[PDB]
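What follows is one chain in structure tokens, specifically the form solved without its partner chain.
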């Protein structure tokens, strides 16, 4: 696969022949350097990648007189390339509590399989085949996030998931979904899906995705909601589900 990305990257840079070859050298040198920084904290490595993005984006416009309109495409090609290559080294580092967190969240979600959409006031009626299918399609995308290496592709999965969510809500209510309808539905989808390495995926995106795509409202709104969904689940309690500590503890055990 990576060879496919390398070919696509090299072929893509010839398109800009002049500046292209230059960017390729800079990119190859950045990776060579990251090899020597493998032992640093994931935060610092994230900083090297974030700086690399910034510095290369400001080196074309100037030295290459490249149109600020074509830059975006290029940057996406660069992220695809380097992240496709760093993935094995920066995703869920043994040097972080990423794995311990993936496990706690997984165990946590697995212990909450008794939580119903009703308890969460979720505007989703799975007794309606169409809605049920929307729900499973949503889960599919959230789960497939883990199989993607590039942060942008991981984001695309989150977006595809949320779009199935809105249709599930639309069909159930027979009208457009309200603002307050989303988050509860996403929490439900995550509870029923228990997405692989949820915490590692969230951190990876936050660490190596071009920040320009995370708080711009586009995929940023969806990403923020998923983080908010995980946090909601982490601290979910009796009152949270609209119950008395009594009931809650009953379910949680028996």
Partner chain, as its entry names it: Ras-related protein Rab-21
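Numbering follows the first chain given and starts at 1. Whichever C-alpha set is largest while still superposing within 1.5 Å between the two forms counts as the rigid core.
In what follows, reference is made to the form solved in complex with its partner chain, a form of this protein that is not presented.
Go through 201, 45, 225, 210 and name the one with a heavy atom inside 4.5 Å of its partner chain in the deposited bound form.
Exactly one listed residue reaches within 4.5 Å, namely 225.
Sole residue of 105, 78, 177, 86 within 4.5 Å of its partner chain in the deposited bound form, by heavy atom
Contact with its partner chain in the deposited bound form is made by 177 alone.
Establish, in the deposited bound form, whether 170, 221 and 240 all lie within 4.5 Å of its partner chain, using non-hydrogen atoms for the distance.
Per the other structure, all of 170, 221 and 240 touch its partner chain.
Partner proximity in the deposited bound form: residue 91 to its partner chain, non-hydrogen atom cutoff 4.5 Å:
No.
Can you tell me if residue 184 lies within 4.5 angstroms of its partner chain in the deposited bound form, counting non-hydrogen atoms only?
Answer yes; at least one heavy atom of residue 184 falls within 4.5 Å of its partner chain in the deposited bound form.
Any non-hydrogen atom of residue 214 within 4.5 angstroms of its partner chain in the deposited bound form:
The answer is yes: residue 214 has a heavy atom within 4.5 Å of its partner chain.
Contact test in the deposited bound form: residue 150 vs its partner chain, heavy atoms, 4.5 Å:
Heavy-atom contact with its partner chain at 4.5 Å: absent for residue 150.
Using a 4.5 Å heavy atom cut-off, which of 136 to 144, 94 to 102, 116 to 124, 150 to 158 contacts its partner chain in the deposited bound form?
Selected range: 116 to 124.
Comparing forms between this form and the one not shown after core superposition, the one residue of 40, 66, 48, 228 displaced by 2 Å or more at CA:
Flagged residue: 66.
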